[PDB]
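First, one chain by itself in structure tokens, the form deposited in one PDB entry.
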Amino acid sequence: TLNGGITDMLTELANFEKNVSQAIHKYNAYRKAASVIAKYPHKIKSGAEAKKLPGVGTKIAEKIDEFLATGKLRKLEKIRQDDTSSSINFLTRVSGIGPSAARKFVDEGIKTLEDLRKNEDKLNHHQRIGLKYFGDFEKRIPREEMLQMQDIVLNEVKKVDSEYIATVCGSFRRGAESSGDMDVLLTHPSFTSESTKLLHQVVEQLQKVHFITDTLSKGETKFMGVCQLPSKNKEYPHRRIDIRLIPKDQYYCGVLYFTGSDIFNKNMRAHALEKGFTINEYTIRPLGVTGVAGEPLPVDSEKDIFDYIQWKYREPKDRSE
């Protein structure tokens, strides 16, 4: 809301750099800038003001001055007017089509949903499912539906083994009134950092009751697929579901990772590296002079990882952009 013009402009630029330029570090720079501006508790009145925030430099300050003066950005007007850029940006919205595949498609004259549907022979299984549920996957999930989904997943997991614990993470755990998809963190006492089909049994039970409808990818620790709520005698949209099986003794690094947000995580890990540590979904470690990280540090809470880095604990609701 506050500074929404500016954060929309920077997000649109980020998406162009990732999807069209294939410049992931410019995507991240624009996202980091939009994130810090979104948290700033004042209406920005100049680029000079904004330049004082970490991750805003000369170039973004100039773009903020243009936007504040005119209510638009000439660079974005030109991007929006380029059919090629617009086609490439559009195809990346398809699950399984990234910047490289999108550019290949558009170079071969595939520029629309109709072109993709006429050229399904050119798509892999992941892209075919992304195409089938394209409209469904653009939609967000109201928290009321996330609650029903939580209730099916937790009930079916308990039926496979009462010792599993399933935790719905991502935007849901941050308290969002709607979610892009469902993220489930799974633990079982039989899988720790010390000893080793725990994920498979859960996926199979959710397929058997027809909640999971399609598989995009599946290994020993990560499931990526599609699910659907049962409906009365209009169907619910198909939804994306992610399931991550994490070592039970690494639950807190796991839940911290899977709660996000994404920008919160990259910011928190970048701030660990400047403070001499490395954080992944499993552990927090101190860095050696040799480049090789040391032994996993003891962790009894999410707060304990904040502490090692000297951060005020943020409740999950305070980890959103």
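Under this definition, the rigid core comprises the largest set of C-alpha atoms superposing within 1.5 Å between the forms. Position 1 is the first residue in the sequence shown; the rest follow in order.
Only in words, not in the display: the form deposited in another entry, which the text now covers.
- The Cα position of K75 differs by 2 Å or more between this form and the one not shown after fitting on the rigid core.
- In this overlay on the rigid core, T11 has a C-alpha that sits 2 Å or more away from its partner position between this form and the one not shown.
- Note: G98-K266 Cα separation is 3 Å or more longer in the other entry than here.
- Look at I97 and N267: in the other entry their Cα atoms move 3 Å or more farther apart than in this form.
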